[PDB]
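The form deposited in one PDB entry is given below as one chain in structure tokens.
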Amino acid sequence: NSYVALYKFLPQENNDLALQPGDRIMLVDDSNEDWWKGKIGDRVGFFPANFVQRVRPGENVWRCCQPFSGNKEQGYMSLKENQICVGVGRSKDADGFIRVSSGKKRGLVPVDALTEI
């Protein structure tokens, strides 16, 4: 049931849940395709389904600290500053990169383009 927020979300309705990038969220209800219910702290409410990503046990959450332009055809994923990424720290490679997922995309990014939330 564990997710992370990818983007800022300001509540529109009383029943909404405010999100900040990097927030850990417990999923409560994904029965609607557009609006999911979840919990952060003691707050519960709705947010856009596409604003979150799964985080598995033993996965790290990072934010991009400098932009990276990546060649997608070779398996590199471009990053914008403040973009949220999920991966496993010890999977970093011999060449200064690491594979991470961000939203629906995945690829190699520089280790030095990432920092802890």
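Basically, rigid core = biggest C-alpha set you can superpose within 1.5 Å across the two forms. We number the residues from 1 along the sequence you see.
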Residue range whose averaged C-alpha B-factor is higher in the record, 69-77 or 33-41: 69-77
Lowest, middle or highest third - CA B-factor, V4: lowest
Chain-wide C-alpha B factor ranking for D23, given as lowest, middle or highest third: lowest
Third assignment of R99 from its chain's C-alpha B-factors: lowest
For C64, the third of its chain into which the C-alpha B factor falls: lowest
Among modelled residues of the same chain, the CA temperature factor third for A49: middle
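Omitted here: the form solved in complex with a partner chain. The next part is about that form.
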Among 66-74, 84-92, 53-61, 28-36, the region lying within 4.5 Å of its partner chain in the deposited complex by heavy atom distance: 28-36
Exercise: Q20 in contact with its partner chain in the deposited complex, heavy atom 4.5 Å: no
Residue from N50, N82, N71, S91 whose Cα, after superposing the rigid core, lies 2 Å or more away between this form and the one not shown: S91
